[PDB]
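Examination of the molecular architecture
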Amino acid sequence: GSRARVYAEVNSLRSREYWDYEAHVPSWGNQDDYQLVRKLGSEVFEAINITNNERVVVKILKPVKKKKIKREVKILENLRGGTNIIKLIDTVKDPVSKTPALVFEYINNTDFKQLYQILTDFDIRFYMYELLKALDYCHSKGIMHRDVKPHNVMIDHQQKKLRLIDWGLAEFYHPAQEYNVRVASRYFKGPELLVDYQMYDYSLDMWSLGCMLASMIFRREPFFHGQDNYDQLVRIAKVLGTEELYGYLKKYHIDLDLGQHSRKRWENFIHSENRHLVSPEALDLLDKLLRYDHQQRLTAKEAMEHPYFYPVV
Ligand SMILES: O=C(O)c1cccnc1
């Protein structure tokens, strides 16, 4: 088996009300207090609260879903006021359609496709640090995000603001609990998910964070571009090495079902167009995040102490 190295028992130490999301009963206000003005790139809208003129974000939930609405609302409520976590303002329902929606603080996202082309080395350090603050917070609150990717990391580069959003895939970590491995987006799935290892933990988010770092400093996005679930692991093995994949599988007693490849040096991904983004310290932090062995990956708190972030601290 396996368990998390840092916040393993925090949900156990809390009231059952904290993590028993199925017993959670949201109070649904009236969505007609909100004017949905601009569809953002679930259907998500920039909106105005018509009573106080406040600019907000309204995310329309899938009505049919019951359990995942309860889970997302409870997690957002537990995480409210956490650093760089999107702030849930209200839970409302449309009068006509009775469809549930969530109201959030507004953030003006730049869109990573254009943003990642103009980021400096410092910016990447800066925003990775901001994102790690979010992850250490939510992990410390016993929650795995399980969908960390550029699309769920809002960045307002004008105001230098970051919000980790979209907690509809998030779950409470309980030691030895077996989780669905088909969470997250293909490109940001840790190998533990891809080899069907169900007793994963917060470190899954640390893999995803590493993919983001690699794509940003190397300007290859997504960094691990699998064509389907299977190929996703081959893409990873093409970098971390096929023989090292087996060593990981032999550990944790995991039965795999590719080719030969051998582990690449992170330095081999450097060329003229990303050399000014890559440093030895970025590559060392990267090597400690993008590791087969989920127990060896830095925790968010450990990653924040890495020399990579000294200039940001
Ligand atoms: O999905 C969310 O939680 C979300 C989406 C856009 C903006 N704020 C939050």
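**Things to note about the pattern of salt bridges**
Considering all chains together, one arrives at 19 salt bridges under this definition. With its nearest N and O atoms 3.0 Å apart, the salt bridge here joins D284 to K288. Taken together, the residues span about one helical turn, with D284 and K288 both in helix α9 (residues 280-289) at a distance of four residues. With relative accessibility at 30%, the residue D284 sits in the partly exposed group. Given the relative accessible area of 29%, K288 is considered partly exposed. With its nearest N and O atoms 3.5 Å apart, the salt bridge here joins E302 to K301. Given a relative accessible area of 26%, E302 falls into the partly exposed group. A relative accessible area of 29% means that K301 is categorised as partly exposed.

**Section: a positive patch on the surface**
On the surface, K62, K65, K67 and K68 cluster together to form a positively charged patch. Looking at where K65 falls in the secondary structure, it is placed in the loop between β4 (55-60) and α2 (67-79).

**As for the site of the ligand**
In the region of the ligand, the neighbouring residues are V44, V57, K59, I86, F104, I165 and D166. Here an oxygen atom of the ligand and a side-chain polar atom of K59 are 3.2 Å apart. At 3.1 Å, a backbone N or O of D166 approaches an oxygen atom of the ligand. For the shell around the ligand, the per-class residue count stands at five nonpolar, no polar and two charged.

**Remarks on the UniProt feature "active site" in the chain**
Sequence positions flagged by UniProt for "active site" are, in local numbering, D147. Once residues lying within four places of it in the same chain are set aside, the contact partners of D147 are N152, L169, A184, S185 and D205.

**Here's the deal with the state of the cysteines**
Throughout the structure, instances matching the rule amount to zero disulfides. Among the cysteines around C138, which has no disulfide bond, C211 carries the closest sulfur, lying 17 Å off.

**A short note on empty space enclosed by the protein**
Approximately 140 Å³ is the volume attributed to the largest cavity. Around the largest cavity, the lining comprises 18 residues; the ones closest to its centre are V6, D201, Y202, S203 and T299. Elements with a minimum of two residues in the lining of the largest cavity: α4 (121-140), α6 (203-218) and α10 (300-304). Tallied by class, the residues present in the lining of the largest cavity amount to seven nonpolar, five polar and six charged.

**Some remarks on a nonpolar patch on the surface**
Residues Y246, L256 and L258 make up a contiguous nonpolar surface patch of roughly 250 Å² in combined accessible area. On the secondary structure map, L256 appears in the loop between α8 (242-250) and α9. You can call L256 partly exposed: its relative accessible area is 30%.

**Brief notes about unusual backbone geometry**
Cis peptide bonds are those with omega within 30 degrees of zero, and the linkage from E221 to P222 qualifies with -10°. Residue position: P222 is located in the loop between α6 and α7 (229-240). For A184, which is not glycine, the phi torsion reads 65° and is therefore positive. Among the secondary structure elements, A184 is positioned in the loop between β10 (171-172) and α5 (191-194). Of note, the phi angle at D196 is positive, near 70°, even though the residue is not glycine. Position of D196 relative to the elements: it lies in the loop between α5 and α6. Residue classification places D196 among the partly exposed positions, given a relative accessible area of 49%.

**Structural notes on the packing of aromatic side chains**
Overall, the coordinates contain 21 aromatic pairs when judged by the stated rule. Aromatic ring contacts, followed pair by pair, group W207, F218, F223, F224, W266 and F269 into a single cluster. Here the basic side chain of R55 rests over the ring of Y106, its NZ or CZ set 4.6 Å away from the ring centre. In this arrangement the basic side chain of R220 is found over the ring face of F223, its NZ or CZ atom lying 4.1 Å from the centre.

**Details of the sheet that holds strand β1 (residues 29-30)**
If you trace the six strands from one edge of the open sheet to the other, you get β1-β5-β6-β4-β3-β2, paired in mixed fashion. Here the strands that pair on one side only, and so sit at the sheet edges, are β1 and β2 (34-39). Relative to β4, strand β3 (residues 43-49) runs antiparallel, the two sharing six bridges. Note on β4: the bridge partner recorded for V44 is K59.

Cut-offs and rules
Residues numbered from 1 in each chain as written, not as in the entry; some residues may be left out. Heavy atoms only, no water. Salt bridge = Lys/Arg side-chain N within 4 Å of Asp/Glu carboxyl O. Helix = DSSP H or I, 4+ residues; strand = E, 2+ residues; numbered from the N terminus. Buried < 20%, exposed > 50% of the residue type's maximum accessible area, 1.4 Å probe, protein only. Patch = residues over 30% accessible without salt bridge, like charges linked within 9 Å, V, L, I, M, F, W, Y side chains within 5 Å. Areas by Shrake-Rupley, 256 points an atom, 1.4 Å probe, with all protein chains shown as cover. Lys, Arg positive; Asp, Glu negative; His and termini not counted. Charge placed at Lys NZ, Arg CZ, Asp CG, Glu CD. Near = heavy atom within 4 Å. Polar contact = N/O pair within 3.5 Å; in protein donor to acceptor, adjacent residues only side chain to side chain. Nonpolar A, V, L, I, M, F, W, Y, C, P; charged D, E, K, R; others polar. UniProt positions renumbered as here; feature names shortened; annotations may be inferred. Contact = heavy atoms within 4.5 Å. Disulfide = S-S within 2.5 Å. 1 Å grid on protein atoms, 1.4 Å probe; cavity = no way out; pocket = protein on both sides within 12 Å on 5 of 7 lines; lining within 4 Å. Points joined across faces, edges and corners; volume = space filled by probe spheres on them. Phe/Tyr/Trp six-rings, centres within 6.5 Å; stacked < 30°, edge-to-face > 60°. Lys NZ or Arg CZ within 6 Å of the ring centre and 35° of its normal. Pairing = 2+ DSSP bridges.

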